[PDB]
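In the text below, chain A, chain B and the rest are named by the order of the sequence lines, each starting its count at 1.
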Amino acid sequence: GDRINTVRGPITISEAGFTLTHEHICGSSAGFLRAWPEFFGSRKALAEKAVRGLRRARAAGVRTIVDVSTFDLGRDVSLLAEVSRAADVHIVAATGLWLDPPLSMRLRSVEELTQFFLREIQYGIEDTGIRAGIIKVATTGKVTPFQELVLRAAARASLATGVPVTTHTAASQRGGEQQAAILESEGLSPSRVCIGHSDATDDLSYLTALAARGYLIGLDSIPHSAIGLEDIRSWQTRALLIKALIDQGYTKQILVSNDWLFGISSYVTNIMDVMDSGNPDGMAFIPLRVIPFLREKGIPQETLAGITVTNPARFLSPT
Amino acid sequence: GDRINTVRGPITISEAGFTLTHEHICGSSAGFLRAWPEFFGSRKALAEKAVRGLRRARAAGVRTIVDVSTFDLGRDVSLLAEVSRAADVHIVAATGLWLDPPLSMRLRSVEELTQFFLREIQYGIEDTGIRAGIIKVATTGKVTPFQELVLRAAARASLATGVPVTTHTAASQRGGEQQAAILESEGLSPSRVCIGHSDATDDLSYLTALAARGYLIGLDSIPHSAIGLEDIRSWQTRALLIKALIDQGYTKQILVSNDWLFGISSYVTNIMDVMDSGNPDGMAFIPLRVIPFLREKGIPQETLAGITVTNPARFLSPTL
Ligand SMILES: C[As](C)(=O)[O-]
Ligand SMILES: C[As](C)(=O)[O-]
Ligand SMILES: [Zn+2]
Ligand SMILES: [Zn+2]
Ligand SMILES: [Zn+2]
Ligand SMILES: [Zn+2]
């Protein structure tokens with residue numbers, strides 16, 4: 001496919017440019033932003049903060065982000081569109097389900113879920129006409145029966161439309177292997193799938209084996225190590241996983257991001273200020289800090305451009 | 001004090017008339033109706049079905065319903081307003097939380113939840129300006145820590161505004177007991193509280209003990225017995241609890257409803273069809289079947305009017 005769905009409409013592959021493949025404008029819950037905007041100060045304040053942040057990321061070279069907020073992460077695509085336009089940064093929206101499905105999702109069959117994901121990709125999200133360009137799934141180490149249904153529905157929607165699938169995994173339980181087995185049982189190519197939060201451990205055997213099968217490896221939370229006052233595991237250590245996979249021959253399988261946001265209600269109160277204090281760069285942390293760090297370790301310009309431009313383009317191109 | 005908030009604005013107490021105090025337009029989940037309207041055929045189809053159902057209720061004497069759908073039951077107050085205007089039936093909307101709070105609610109403190117309930121009562125729901133006139137709270141048998149926070153936030157919002165609290169219980173587990181204990185610890189008067197789904201038990205000692213403390217008793221799911229699930233008890237057995245509480249001297253404490261809905265996504269697919277087959281009268285079941293049954297059992301008109309008109313008016317009218 002020669003075009004990608006964004007919250008402002010379709011764009012050509014070449015227009016995506018430097019792309020952060022796992023980000024959020026807001027981390028919330030379905031209906032929450034509209035029912036309780038003053039949780040974030042106001043909707044206007046949240047939008048203004050997001051625009052300031054996206055504009056700074058753009059100044060640092062970012063051209064596109066993929067907002068991997070699903071329905072149950074409180075995705076408000078109208079907000080995504082507002083901020084995309086004002087920051088002049090492309091935003092790709094997601095369908096799928098994260099870890100907080102309400103009853104009206106949890107009690108659905110695989111066939112029903114498949115039709116929901118297809119609606120969001122092929123028709124539009126809500127009444128907005130904005131179409132999703134990626135399918136987000138989350139599991140909790142040992143995949144539950146419902147999460148298995150979500151994975152199967154995601155695979156079927158991907159096979160029907162060509163849009164990729166991206167996952168949430170938990171640290172330590174090597175969640176990508178369980179996810180990969182289920183997705184392949186549906187006939188989905190690994191080249192359509194990113195195993196996310198893969199920078200949460202240093203298990204290189206796990207990462208390389210997935211990469212060797214053709215999975216994209218989401219090293220997508222690099223600055224999360226900077227949130228704490230003095231995290232035992234540094235952001236540099238997370239960033240060195242990028243170099244490790246390059247050195248093993250898997251440059252083409254790497255996707256990098258911040259997994260940042262501008263507001264969060266899906267966590268206890270006041271975490272946003274801790275996050276912003278630890279990583280004032282926000283979404284600009286990848287281009288301003290991680291890229292120069294890797295350059296200094298001797299990774300060539302061509303390799304960094306391949307990771308930040310070519311790999312996301314190949315991933316997002318409907319195939 | 002003389003006015004109740006509805007989805008079309010304030011009404012006077014006298015305007016409420018025959019009021020069904022526990023009902024739903026749609027039983028769903030936050031965000032769901034707008035993300036997947038075709039689950040219900042279409043939004044338009046859902047709306048039209050609800051308008052017909054409310055017009056039928058109106059023709060059977062109903063003038064107001066209290067839609068006790070909370071945020072997490074997917075309450076869409078814009079839908080309520082549209083259907084209210086088309087059916088010419090008053091609808092009182094709810095704040096509070098039911099049994100499916102999302103993470104962004106589950107992680108909130110009691111102070112935060114209190115602010116949310118207050119905003120929905122004092123400012124409006126979403127950006128609609130439609131204010132809630134009741135606070136709904138749900139618990140399961142033994143109250144969980146989060147449900148306790150919800151109860152306390154509900155009490156605090158009620159005490160600040162005069163708006164009443166109505167509950168979901170598992171009557172078979174005598175759930176009203178733990179609810180009452182928590183609500184009273186906050187200084188809430190039982191006369192501001194309806195212990196709901198109380199018709200799901202035959203334990204009259206449980207019901208009368210609550211009534212003796214001044215709680216309103218929600219005998220609010222009568223036709224759910226006419227459907228196959230829940231229990232083997234008949235709807236007449238449930239309706240006889242109304243007579244039982246009258247005879248025990250608690251007429252003033254009784255509230256009656258159907259707990260009906262016109263669409264449902266927070267259960268298995270097609271359950272709405274099963275429900276409609278078992279209760280073709282919908283929200284008209286109370287006035288068309290239960291009221292005549294009680295008349296046949298010798299309950300006088302004045303008593304029935306007290307239960308269906310006076311008691312809801314006293315309950316809903318904001319009061320300190
Ligand atoms: C919304 As997240 C902490 O799973 O990237
Ligand atoms: C929405 As109900 C089944 O608790 O009245
Ligand atoms: Zn995640
Ligand atoms: Zn994320
Ligand atoms: Zn209930
Ligand atoms: Zn109910």
Side-chain angles (χ1 to χ4, degrees), chain A residues 30 71-72 95 97 101-120 123 126 144-150 152-154 156-157, chain B residues 22-54 56-57 65 67-70 72-76 79-80 83 98-100 138 168 197 200 220-235 257-285 289:
Chain A
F71 172 77
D72 62 304
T95 188
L97 292 169
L103 275 172
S104 294
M105 290 294 181
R106 295 193 306 268
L107 299 180
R108 302 283 70 83
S109 68
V110 64
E111 293 87 0
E112 288 175 323
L113 295 172
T114 302
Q115 291 306 311
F116 176 64
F117 299 163
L118 291 173
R119 176 215 212 264
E120 299 205 312
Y123 173 79
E126 299 152 324
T144 67
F146 182 68
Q147 291 163 359
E148 174 167 348
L149 297 187
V150 176
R152 294 187 183 283
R156 292 165 193 194
Chain B
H22 185 129
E23 302 297 337
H24 304 271
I25 299 305
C26 184
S28 189
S29 303
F32 188 92
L33 176 55
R34 302 194 182 194
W36 196 351
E38 65 268 32
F39 183 85
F40 303 97
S42 69
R43 185 186 181 90
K44 192 167 63 179
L46 175 59
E48 289 170 349
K49 181 181 176 193
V51 169
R52 292 190 298 270
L54 289 184
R56 179 173 184 195
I65 70 165
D67 186 330
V68 297
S69 309
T70 50
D72 63 306
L73 272 168
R75 175 202 61 204
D76 183 332
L79 177 65
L80 277 49
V83 302
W98 183 74
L99 298 174
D100 196 23
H168 170 111
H197 305 330
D220 62 25
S221 51
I222 309 296
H224 291 237
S225 264
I227 314 319
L229 303 80
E230 176 47 271
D231 53 32
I232 68 174
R233 299 156 68 237
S234 68
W235 71 258
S257 227
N258 310 270
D259 191 27
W260 214 244
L261 319 83
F262 300 113
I264 306 170
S265 60
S266 288
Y267 202 64
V268 312
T269 301
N270 297 317
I271 192 67
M272 185 81 274
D273 291 341
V274 173
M275 290 179 66
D276 288 333
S277 296
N279 172 29
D281 299 318
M283 286 187 189
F285 184 94
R289 307 307 158 207

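Side-chain atoms of B:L54 and B:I25, non-hydrogen and from C-beta on, do get closer than 4.5 Å to each other. Between B:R289 and B:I222 the shortest side-chain heavy-atom distance does not fall below 4.5 Å. Side-chain atoms of A:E148 and A:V110, non-hydrogen and from C-beta on, never get closer than 4.5 Å to each other. No side-chain heavy atom of B:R43 sits less than 4.5 Å from a side-chain heavy atom of B:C26. Contact check for B:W98 versus A:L103: side-chain heavy atoms found under the 4.5 Å cut-off. Between A:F117 and A:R156, every side-chain heavy-atom pair lies at or beyond the 4.5 Å cut-off. Counting heavy atoms from C-beta outward, A:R108 and A:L97 have side chains that stay 4.5 Å or more apart. With a 4.5 Å cut-off on side-chain heavy atoms, B:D100 and B:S29 count as touching.
The two residues A:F71 and B:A30 make their nearest non-hydrogen contact at CZ-O, 3.4 Å. Residues B:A50 and B:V83 approach most closely at CB-CG1, 4.0 Å, considering heavy atoms. B:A138 approaches B:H168 most closely through the heavy-atom pair CB-CB, 3.5 Å. Of all heavy-atom pairs between B:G263 and B:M272, the closest is N-SD, 3.6 Å. Looking at every heavy atom in both residues, A:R119 comes nearest to A:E126 through NH1-O, 2.9 Å.
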Does the side-chain contact (heavy atoms from CB on, under 4.5 Å) test come out yes or no for B:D259 and B:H197, once each step is laid out? CA-CA 9 Å; B:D259 191 27; B:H197 305 330; 3.4 Å; yes

Kindly determine whether A:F116 and A:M105 satisfy side-chain contact (heavy atoms from CB on, under 4.5 Å), including the steps that lead there. CA-CA 10 Å; A:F116 176 64; A:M105 290 294 181; 3.5 Å; yes

Between B:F39 and B:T269, does a side-chain contact (heavy atoms from CB on, under 4.5 Å) hold up when you go through it step by step? CA-CA 9 Å; B:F39 183 85; B:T269 301; 4.2 Å; yes

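Using modelled atom types, one side-chain atom of B:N258 and one backbone atom of B:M283 make a donor-acceptor pair closer than 3.5 Å.
The distance from atom CG of B:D72 to atom OG of B:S28, rounded to the nearest 0.5 Å, is 10.5 Å. Note that CH2 of B:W36 is 9.0 Å distant from OG of A:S104, once rounded to the nearest 0.5 Å. We find the OG-CD distance between B:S42 and B:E48 to be 7.0 Å, quoted to the nearest 0.5 Å. Between the OG atom of B:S265 and the CZ atom of B:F32 there is a distance of 4.5 Å, given to the nearest 0.5 Å. With rounding to the nearest 0.5 Å, the separation of CZ in A:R152 from CG in A:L113 is 12.5 Å. Atom CZ in A:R106 sits 8.5 Å away from atom CZ in A:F146 (nearest 0.5 Å).
Every ring pair (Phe, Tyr, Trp, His ring centres under 6.0 Å) that B:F285 has, sequence neighbours left out, goes to B:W235. The side chain to side chain donor-acceptor pair (under 3.5 Å) test applied to B:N279 returns no partner, not counting sequence neighbours.
A salt bridge links B:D76 with B:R34: the closest approach of a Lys/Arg side-chain nitrogen to an acidic carboxylate oxygen falls below 4.0 angstrom.
Applying ring-ring contact (aromatic ring centres under 6.0 Å, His included) to B:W260 and the options B:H224, B:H22, B:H24 leaves one that passes, B:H224.
Under the 3.5 Å distance criterion, with hydrogens and angles disregarded, no donor-acceptor pair is assigned to the side chains of B:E230 and B:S225.
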